[PDB]
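Here's a solo chain for you in structure tokens, the form deposited in one PDB entry.
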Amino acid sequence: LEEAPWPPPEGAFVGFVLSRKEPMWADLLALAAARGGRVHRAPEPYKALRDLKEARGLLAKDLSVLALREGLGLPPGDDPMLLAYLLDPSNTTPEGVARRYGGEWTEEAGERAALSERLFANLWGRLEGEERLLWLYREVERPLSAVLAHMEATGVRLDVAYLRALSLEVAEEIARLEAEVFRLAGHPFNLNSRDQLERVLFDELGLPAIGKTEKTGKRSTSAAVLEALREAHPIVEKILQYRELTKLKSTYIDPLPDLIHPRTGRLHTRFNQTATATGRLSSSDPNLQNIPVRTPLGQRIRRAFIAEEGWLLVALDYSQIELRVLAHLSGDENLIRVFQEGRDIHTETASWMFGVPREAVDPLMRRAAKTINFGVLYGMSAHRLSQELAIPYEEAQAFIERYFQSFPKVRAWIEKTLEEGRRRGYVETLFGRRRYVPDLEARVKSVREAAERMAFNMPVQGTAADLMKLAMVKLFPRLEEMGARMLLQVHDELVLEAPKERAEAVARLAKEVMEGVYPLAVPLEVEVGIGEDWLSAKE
């Protein structure tokens, strides 16, 4: 292109180079812009940001986050990645997109600006006529990128000293467990090495091997295997407690305090918008979509996520979301009725599983029902179900027969979805988000049946993900007008931060927005809670 001087005319496509992938931690090494056959390279990239009215180009949200970090309101606009991601959600990285639609992703801001321009022209062209995908782009993904940029730049407060103290406590408990494991093994070894543990359990000790690993065919030491060996030897019980504690310590307790941002004093994740095959978001660096909650220790970790002084956290979580979506997508009269009568299937399966009435179901029991209810729905085998619930085989088969007869039109929808996917090569959500599944006609059974379970899962999970994204787009402006903040999204959950005096009003309004985002044949119920910490806010 013809190199022209900075600044660029309005509407130009930006290219930028970061010192590291995390925009909140990155140094802006270079900045450029392309438009009208010209390329504009900025002398000083930081001051050159102030000249742009919009981040338009590849990975636009990342540059918008860095601008917010510097106190600049530079919103993200068009991004070829979002167009490619809607065309085919396997388009997840700029390296692939560039190769597939006419360019090369280099490490130079100018070339990245020119690439953004060329890729947008070609991808925008491939989308004309795909009115449903364009609707998703204009009404969901492009507006959503702006919401996510603000979430990423805002961050969440964390009780550092609390986790620091917790680490020392867990460390002492880990030493007690590993000391008994070594004694029981007769000698010490690296208990973190599953290869070394394999020998101790199955070679030195006489324990039987329950299963093999996928890629290398070693004797597995997974929780499901150790759980099956729980009575075969006392050492097994302690290895499971050792695994729980080292998992939480090495993944959450120790790394998270070291990630507080020096300017903000808060913890900043990244919400990746083109990372999943179903339309869900993902979270990384750090992932805040898998903070513990199951075990008592996991709850102590979740308590570390707190509200700023004078504020409160507001947590909103859709009820039985993918089951409600299934009712709407399938049209099953019976399942619709279940939610019109305010029934809760997780609680019901839980009572069934545990031989305990609804009133006596605790939060932990209900969680176990989710694996069952969603396991069965998405193709779980009778054999495994029997093994998970520790009950005979015929009983497990009976649960699955009862499950689907209760809602006959589900299997009809599954079959229509698969037949539709074989003819067109893709399945779609309620809004037209597509996932290509070419293995539906594979002539290897395992490969084909795997494709089938991914295929008919995507419309359900992806529709729920669509609803949440749309709700986030509608809610964000209402929160700014109330002086509240959107902090985290966990698939079907939102965590907000609100001034104490407006916390209750924010909770009400956020609940209404999420429930009336897009009415279905069943009502969307949202559970909401308020508290000083994340755990308190979901009760």
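One-based numbering along the sequence shown. If you superpose the two forms and keep the largest set of C-alpha atoms that fall within 1.5 Å, you have the rigid core.
Keep in mind that the form deposited in another entry is not shown, yet the notes after this line are about it.
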Check: Is it true that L259 shifts between the shown form and the other one by 2 Å or more at the Cα, once the core is aligned?
Finding: no
Note to self: If the two forms are fitted on the core, does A121 show a Cα displacement reaching 2 angstroms between the shown form and the other one?
What the structure shows: no
Notebook entry, point to check: Between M365 and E493, do the C-alpha atoms lie closer or farther in the other form than in the shown form, with a difference of 3 angstroms or more?
Noted result: farther
Checklist line | Sense of CA distance change between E493 and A368 in the other form, threshold 3 Å | finding: farther
